[PDB]
């Protein structure tokens, strides 16, 4: 339908603009819609963009406002002193500031719906909150309102929450427009969603993006399909992949590389209140940290991820056990039968389940899918679902059978409660994925296996060598295969660090020369160097000019195919901040052919220094553009947990970076 008020081209330079004369008398009915197209690339700490208020002395808590923070958060206040109502809804990390040097036109649609008693906020096509209340306070029904205001809120004759920005177009509707009509509002977005709430994954949250340009020109992406908030394991997580055959313009409905079925693929809205936000799915198996590589020889695509059995993760993973028993040179998967006190079982070749205590083979075997068969008949357990209907998290049997899996809670046979690493392969460049296979241990029978570094493996351009970086305490454990990932060996490389999330990524500077950038605990990104195509590694050094917080963040790195300023070019993707995960950057480095030193020459801010930027993925697209798929939020902060559609893709060209 049609607007009751329409204005635009408003400049908010720390002075409010009065539109009361024009707007107020047009207000009528108890449901309303706001449509605001605005820019803020130098926001103040906290500012109102728009406000209906009672400006009369002693009614300072009678106003509606649409406010933002310089961290990118958006919200409304709906306060009526005389109704004893002070509503406040918001979601951190909902905005854009700048892109390619230009102010982003952000599009905001707030719906106040008096029949459903529900407020709803959209920003650039993304629903960022939807709240129902017992008691609806219409924004036009606030007692004694007498001002409509832009760039401030007029309380008691003074300008509160003064804004620095601009509102290019604002519209108003004495109606609560439908979710469908919203979608027909044109957007001016500089980003895209690859995976997204409501897609085939049916996961509401995504984390840990990957990107990898296949040789056909297909660009591939994997990611954590995180169901139980954005928590790490323990939780439910699946690995999902999508691809683009058009240089990152469009992307395929995603499929699963790695998946478990003990728990329903549920789309939950995870509570963001302090009392509940640390609810955690606790009985589910899960995957986490995918990394991708393409093998030149067989043509196959290879994808690895950390694997976690039911209830298990970083903090409670049985260290001092690999989960395997080594009998005569070879490694065998340990199991525990229901009702035992110990792992009196192993999984030998062709799956056969052996009781160790009597050395006898049993009637059970283990299929490719790590499923249990008895007598060659596959057993089933019941699926679980979760809900917050009782008010806390509740995990309950949903009356649906699924094949029994040795990683599940209800399995007759259970793996060792620690962390593993699995691979899968695609023969069709991400249109399907084979059943995953466990990698063997590398650091011994009595050590929990390492941790996969999420991102890309390196395929060495002049050999058949495939390399996947992993980390554990004290060292980067590189995983080398020269036979299409059919067999693996480890190349260890000490680092001056204990208990670091030493997430490592590699570039090939020239044939056989691998430099690996990695996350530390010192606030500075580290690096090392191999010159035998990964056989041995240098001591550790650090980068100056880039800053990270003490706990640090994953860093993505690539070898640019083209020469820049006449020199070999490396590109780095990372937050540049000592305070949190924000101030995203692409940093371009030229190599010194004399000593292999890199001169960090160009810094490109992905968005404002105060806007969240976390885990990231970078690829060189077949048209030589650069694709960036990243966590556009502070995925460390406890205040920005459980946001939907914050992993975003952008397209960049080199000249944008310089």
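Residue numbers count along the first chain shown, from 1.
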Review point. So which stretch wins on mean C-alpha B-factor, 23-31 or 619-627?
Key: 23-31
Practice item. Would you mind comparing 323-331 and 185-193 for me and telling me which has the higher average C-alpha temperature factor in the entry? Key: 323-331
Check your understanding: Which listed residue, 336, 207, 277, 582, has the largest C-alpha temperature factor in the record?
Key -> 336
Check your understanding: Looking at 72, 457, 217, 566, which has the highest CA B-factor as recorded?
Key -> 566
Review point. Mind checking which third residue 606 falls in for C-alpha B-factor across the chain?
Key: lowest
Review point. If you rank the chain by CA B-factor, which third does residue 57 end up in: lowest, middle or highest?
Key: highest
Exercise for review: Relative to the other modelled residues of the same chain, rank the CA B-factor of residue 490 and answer lowest, middle or highest third.
Suggested key: lowest
Practice item. Could you look up the Cα B-factor of residue 12 in the entry and say which third of the chain it sits in: lowest, middle or highest? Key: highest
Review point. When the modelled residues of the chain are sorted by Cα temperature factor, does residue 254 land in the lowest, middle or highest third?
Key: lowest
